[PDB]
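Peer 1: Protein chains in written order, with my numbering: chain A, 1 to 98; chain B, 1001 to 1459; chain C, 2001 to 2049; chain D, 3001 to 3104; chain E, 4001 to 4088; chain F, 5001 to 5055; chain G, 6001 to 6347; chain H, 7001 to 7320; chain I, 8001 to 8054.
Virtual Cβ for every residue (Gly too), placed ideally from N, Cα, C.
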Ligand SMILES: CCCCCCCCCCCCCCCCCC(=O)OC[C@H](COP(=O)([O-])OCC(O)COP(=O)([O-])OC[C@@H](COC(=O)CCCCCCCCCCCCCCCCC)OC(=O)CCCCCCCCCCCCCCCCC)OC(=O)CCCCCCCCCCCCCCCCC
Ligand SMILES: CCCCCCCCCCCCCCCCC[C@@H](O)O[C@H](CO[C@H](O)CCCCCCCCCCCCCCC)COP(=O)(O)OCC[N+](C)(C)C
Ligand SMILES: CCCCCCCCCCCCCCCCC[C@@H](O)O[C@H](CO[C@H](O)CCCCCCCCCCCCCCC)COP(=O)(O)OCC[N+](C)(C)C
Ligand SMILES: CCCCCCCCCCCC(=O)SCCNC(=O)CCNC(=O)[C@H](O)C(C)(C)COP(=O)(O)O
Ligand SMILES: Nc1ncnc2c1ncn2[C@@H]1O[C@H](COP(=O)(O)OP(=O)(O)O)[C@@H](O)[C@H]1O
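#1: Just to be sure I understand the criterion: a residue counts if its Cβ is closer than 7 Å to at least one heavy atom of ligand 1. Which residues meet that?
#2: For residue 7050 of chain H, does the three-state DSSP call read helix, strand or coil?
#3: Are the C-beta of residue 1310 of chain B and some C-beta of chain D separated by less than 9 Å?
#4: May I ask you to list, following chain order, the residues of the segment 6248-6273 of chain G that have a beta carbon less than 7 Å from some beta carbon of chain B?
#5: Provide the residue span of the beta strand (DSSP E) that contains residue 65 of chain A, from first to last.
#6: Measure the C-alpha to C-alpha separation of residue 7114 of chain H and residue 7214 of chain H and round it to an integer number of angstroms.
#7: Taking only the alpha-carbon atoms, compute the straight-line gap between residue 4008 of chain E and residue 4086 of chain E and give it to the nearest angstrom.
#8: Counting Cβ pairs closer than 8 Å, one from the segment 6117-6131 of chain G and one from the segment 6052-6068 of chain G, do we hit at least three?
#9: When you compare the segment 6247-6256 of chain G with the segment 6273-6291 of chain G, are there three or more beta-carbon pairs, one atom per stretch, that lie closer than 8 Å?
#10: Can you name the start and end residues of the beta strand (DSSP E) that residue 8044 of chain I belongs to?
#11: Count the other C-beta atoms from every protein chain shown that fall within 10 angstroms of the C-beta of residue 7129 of chain H, then say buried if there are 16 or more, exposed otherwise.
#12: If we ignore side chains and look at the alpha-carbon of each, how far apart do residue 1407 of chain B and residue 1280 of chain B end up?
#13: So if DSSP puts residue 1175 of chain B in a beta bridge, which residue, or which two residues, is it bridged to?
#14: So the candidates are G/6306, G/6212, G/6224, G/6144; which of them puts its Cα closest to the Cα of residue 6128 of chain G?
#15: Using a Cβ-Cβ cutoff of less than 6 Å, which residues in the same chain neighbour residue 82 of chain A once the five nearest sequence positions on both sides are dropped?
#16: Taking the straight line between their C-alpha atoms, what separation do you get for residue 1377 of chain B and residue 1264 of chain B?
#17: Contact criterion: CB-CB distance below 9 Å. Does residue 3060 of chain D meet it with respect to chain B?
#18: Return the residue from the list B/1184, B/1017, B/1329 that minimises the CA-CA distance to residue 1250 of chain B.
#19: Against residue 1123 of chain B, what residues of chain G qualify as contacts under a CB-to-CB distance less than 9 Å, listed in chain order?
#20: Starting from the Cα of residue 7316 of chain H, find the closest Cα among C/2036, C/2021, C/2017 and give me that residue.
#21: If you compare alpha carbons, which of B/1421, B/1033, B/1392 is closest to residue 1348 of chain B?
#22: Between the C-alpha atoms of residue 1283 of chain B and residue 1414 of chain B, what's the straight-line distance to the nearest angstrom?
#23: Just to confirm the assignment, what range does the beta strand (DSSP E) spanning residue 7026 of chain H have?
#24: Which residues, in chain order, sit with a beta-carbon under 5 Å away from any heavy atom of ligand 4?
#25: Buried or exposed: where does residue 7201 of chain H fall if 16 or more other Cβ atoms within 10 Å of its Cβ makes it buried?
#26: For residue 6153 of chain G and residue 5047 of chain F, which I take to be in contact (beta-carbon distance under 8 Å), what is that distance rounded to the nearest angstrom?
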């Protein structure tokens, strides 16, 4: 693999670690989710362009579309959480235990 | 052998379609008729079994057990209708349904030709018994007893299932006839040792073996009278029947794998006989008596000789009848005085003479007086053990003394002495209880008259 | 007797009852016809008769 | 209320002899009681017990005990008449048994 | 688990510590039975400030009445114990 | 000594005690996504290093 | 929520599941998962309250993380082999990531923490949907890629799931959490036999779905979410409690009930390979699930708990809404063992 | 067809049936005031359905035959013995109060269901929003414990929040001495023992809690003793009310759908009345519960579902 | 004289948030009877702005 591929994999891993380690804000985790999506888009585009897979050129676009849905979904949920607590802190989501 | 299985499945809707005040009469009459029908299985051959079909067969070892089960159902019905008088009709029908389902499962268990089918039925017997114990028991310990009755069984039986399927992936068949004919010796390896343990531990915990018996006092004390009857007289013999069946594939490992269990059986027989000497509960005394007798049966099965197998079969039949009689005799006094303490109601021979005669006969049979079948089984087992090793006559002899002591102890505690002054609610014995005692005791001496019917296939 | 309407009246709902019996009889006759044709096809393929 | 819950009192036990001096201990209704006693006694003692014991006592000899005794009598007579031993230590003819060739 | 079961001795220790942190009370002359106005020479406003300091320390609000009659540390301890239902 | 104490102590009471302790250990979680998402990260790394590296 | 909107959302959930089940393209399977999550999020919040919002947020975070790992595994597989078809998963790292993502979606241990919380935070109908219908798609993918699984990782997660399900369910008085822990243990059982036989996985899933549907419909019929509120049902309708007790016994795996058939079969299958120790440990551990089922049966059916006075009023009314599939579900949950060989129709 | 999501999908909408006379009305007042007569006259003049005040046996009047059952099988409480021994040690007082709240909740559900199904207005005597005053009167006099008040508050909080408050609240003011005079002149020998403190507590609770908090939702029409007999003037006062401030105008079709599914299926209405809080006054032992339930199931028309009891003349059972 | 049945003391073992209470979980509370927590008074402050004089 070239160095660009491993750089994109490193970006994906960094975004995954950022999501998995919450600080306080849900918005930062949502941004990490969008970063994962961006890294996936870039890597899929690079692989498709490198091998001249013509019919797969539409695949990244579809990816972006569903990313938007997830983003919208997340933002919607954030709104409701804020309306319950006046803050988007993840420590307020503790009503349910194991 | 569907001529016996189908009438029980017909007892089910007949009970559920009966008029509200005629359930007991119909159930008892048709259960007695089914016992009369099942009496025909005693006509056995001398070489092989009665192979009715690909699924069911009857042998000289299982026919007396089937007769005992079908005879015990009506006795449970008579013993149960006293304390269930205030119950609603639907719950009475449910209780009778549990009893009928237990009888059906036991009948199918004692005749299954297949070991996995035997496992399925021998495990299905738990649900009606557990429901009976935890629903119609009297005190709050019953719930715990049910748990003790359940997991103690399952922890022993779940490994067996694994072993069973393992065997079927090696020999290709679990049918008992093919297993017997295609038998091969077991080598001496760790895998074979653990396979032996998996095949043995379920039946050893259902006996129960000494050290694994803690569930039995709870189960036999907190259960209703019918539950105690069926637990002591039939459900303990599942372990013996299963061990007699499964030991055909465990040779020659048993030759040295029986030492810990033989030691436990003998020393714990002495220990439980001694425990019977200091017991404030009358039901617990009978339970520990059952433990001692089943320890003797374990020794007989483990030493693997024809005389031992004959004595073991006779001892299982005799113990079933005797322990059921003892439980019913104790339940009469309990229903009179609502307490299980042995030294509460004393001097009952003065107040109930015929009941005292029943007590005397039951206690004389419990201590194996000649020529009762109890003595025949005990003496055959003792002779086999003496052939196994001359020193056993010590321990066995010890037990023979201790049993007698505690047996007469119970009698002398309950029937002799002076009556308790403040207990004035001891009514004359009902015809139902006397008939129950007579129907328990007459078959015992009738079988004494013809002892080869309960001596098993090795006869 | 009932103070309320009790939508299930003394007469049963005849449409539902008729539909139930019709479906049951149709299923039974369909099963019999299917079994007959299966038997005939099996005999024809194996040439018993 | 100084109480913990609303509950019925524990009722006293009913004596079946009060309303039926000859009560048989089967049921509170005298007729059903009497017929329960009658069916129990007839089908337990008369039918199952005595007739079953008679049936068992006269079961045909499917264990072949008498046949075995007669066969043993025949064999003993023959072997004593012709001087052969009464029994042989081998239950199988050695001619049909093939031992391994080498024991070393 | 939550905070330990606060007792009378800890209450008295905290009350005395807060009182000796007040810059206008000498630590040595202050005792658990010293009257604020007579022994310590404080008028109404210092008593108000002391009550507010107790408010800060124990995290609960004492109205104008109730607090108007806490005249020495022992009464403050008794009031705090009674409000918190502490018997030991 | 034997029937009521030690035979009870070894087989059933020990089993019940162990099961109760493990149940309390397992089910007592605060319900904070931070903690068990950190545990998810640890699990993912352990899975890539233990099982995935050995193929 | 509007009934038309609710029907559209439910149909979109089922359409996402079907798209996962009928596709040969990894992108289409991923799209099915995305659509299923998008339509499922509002269904969990049909009854609006803070607990439902928390459950929806936790579920969304978990499933979005799992889907991102899924897409990354797909992209790695494409990089090392230009294939889009769902097949033997030509790369091992991609297969490890795929297994982790699908386990997170199913709730297998140690990615199990979200299941009890989400089940407790939502209504009984939403919990029914989540614990029955939401297991089909990841299990279908796992069945399709079963030949390339790493048995060590899958079996470790299955054993952990069984152990954690039993231990966690041992400590619950809330019925929804009990159901969630039972679900975790049953997913462990389903995934333990997956590397050896997918037909056994399908059989176990079908029997578990039938039993769970019967249990949840019985819990909806008698409006109980806690043990104590369920202990009142005997004084209102005892038939429901009796059927519930028999269903609990079946769920405990006792013969001759049909809940015994899956484990039995799985054990036999695992004994056709060598695999002796693992089934023995698995049955030993399932005894815990049986224990707390028995405790529920004690609390609700085999003993009578005290009731309240206002219950008398409830005696005068009948159940208005009637579930048409409850009797068939109960009968299939209990009296099905004699029809065991019909499992041949599954393969 | 039974109302449900299917009827809402095609056709049925609640908003169209409302024709300016929906107007849930309650006529509150202290003990022995003429609120009932005013309620009947208002219902007659406006053409609304009048609901008599829910008693101990209200639920009996709507199920099976309308005749009441035995007190042992229904209610298990007495108003007469509450008057005789309000401080009894068997928990009669709070048992009666809880049963009365349950009955009032059922009646409110019935009234809302009728209004939302037919569009016709209803007139109630008291409501779930007014019952609490009696509870308060029981607490100040020492007739019930504080735990009973806590349990009542829990049940009311989980139940009464799901419905809509009445459009217009009519209250009738009668001073306590006049109430005592009316009670003395009545003749019922159990109400002579009502002390003036009890009635004063009821009036205090009314005027200090119910009217202020109810006035925030909608305006309240108060009438003295003399100006309640003229029902025509009261009705003409009701008619010219500007009702645009409560939750009622803020109700759309889907909220009405939810409420209409709630008001039917009375089991869901009564769900939280039997919460597993074990007060000695309302907790019943297993043996007594079993005996009483067996007694109840043996009533002539109670063993089976309404249309399946052949002992009260149900025919064609084997085809239903 | 009659079968034992659970009483209030027996029933109260199953009314907590968890079985086998410990020191940490002794302060967990059971969920509300309906799944509705009471709304917190999380007041949001509006923006205060000076409009004029400049
Ligand atoms: C009230 C009870 C209270 C409750 C108590 C509990 C009761 C529970 C009961 C439960 C149910 C039990 C059912 C069991 C069924 C068992 C039936 C059975 O298998 O029968 C077998 C057996 C019949 O054998 P078999 O295999 O059928 O016959 C084969 C041959 O082909 C036949 O040979 P054969 O060709 O020579 O013909 C002989 C034939 C005819 O032979 C003769 O007539 C000749 C007899 C000799 C007399 C010759 C001289 C006398 C007359 C001379 C003067 C007149 C002639 C000239 C006229 C001018 C006058 C000078 O006589 C017979 O067939 C024997 C009688 C049949 C009895 C069957 C028993 C059925 C019992 C079932 C009912 C159970 C309830 C009891 C009710 C029974 C009634 C109370 O019956 C016996 O008991 C035989 C015993 C008699 C032998 C003598 C005794 C020897 C004693 C030696 C031992 C001494 C030691 C001390 C022990 C003392 C103890 C006695
Ligand atoms: C409370 C009551 C419950 C019921 C009790 C059931 C009793 C079960 C006991 C099992 C019987 C024997 C088990 C194994 C057979 C031999 C035991 C061993 O001591 O013998 C020697 C074994 O040697 C050493 O002892 C090695 C084993 C040592 C490790 C075993 C652990 C023992 C600790 C005891 C713990 C208590 C167990 C019960 C727990 C409840 C023989 O030497 P070796 O020839 O090499 O082994 C024979 C097998 N070969 C041929 C394949 C080689
Ligand atoms: C109340 C007061 C009582 C005292 C007074 C009583 C008066 C006298 C009555 C007592 C009789 C004394 C007994 C003397 C022995 C005579 C009977 C004996 O001879 O019969 C035996 C026969 O006994 C029977 O075989 C035994 C009866 C079978 C027992 C079955 C019990 C009924 C089933 C009920 C359910 C079982 C439950 C237990 C499970 C196994 C012979 O055996 P056998 O050597 O062959 O016969 C050879 C000749 N044959 C073959 C041609 C017949
Ligand atoms: C940042 C800096 C901002 C500064 C702003 C300051 C604002 C000033 C506002 C002042 C308002 C008043 O004058 S308020 C008017 C205050 N005057 C009176 O009360 C007259 C009677 N005097 C007394 O009662 C005692 O001398 C008393 C002093 C109370 C002591 O109380 P005690 O002995 O019983 O403890
Ligand atoms: N919630 C309640 N608690 C206790 N008693 C009540 C309650 N509601 C009504 N009552 C009793 O019902 C009786 C009649 O009710 P009321 O409406 O005041 O008189 P009337 O029927 O003449 O209008 C009164 O004795 C009153 O005390």
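Peer 2: Reading off the structure:
#1: B/1442, B/1446, D/3049, D/3050, D/3053, D/3054, D/3057, D/3058
#2: strand
#3: no
#4: 6249, 6254, 6255, 6256, 6267, 6268, 6271, 6272
#5: It is not in any beta strand (DSSP E) - residue 65 of chain A instead sits in the alpha helix (DSSP H) that spans 59-85.
#6: Rounded to the nearest whole angstrom, the C-alpha separation of residue 7114 of chain H and residue 7214 of chain H is 23 Å.
#7: 7 Å
#8: The answer is yes - the segment 6052-6068 of chain G touches the segment 6117-6131 of chain G, with three or more Cβ pairs under 8 Å.
#9: yes
#10: That residue, residue 8044 of chain I, is in no beta strand (DSSP E); it is neither H nor E in DSSP.
#11: buried
#12: 14 Å
#13: B/1114
#14: G/6212
#15: 88
#16: 20 Å
#17: yes
#18: B/1184
#19: 6254, 6255, 6256, 6260
#20: C/2017
#21: Ranking the options by Cα distance to residue 1348 of chain B, first place goes to B/1421.
#22: 13 Å
#23: That run of the beta strand (DSSP E) goes 7025-7029.
#24: E/4043, E/4044
#25: buried
#26: 6 Å
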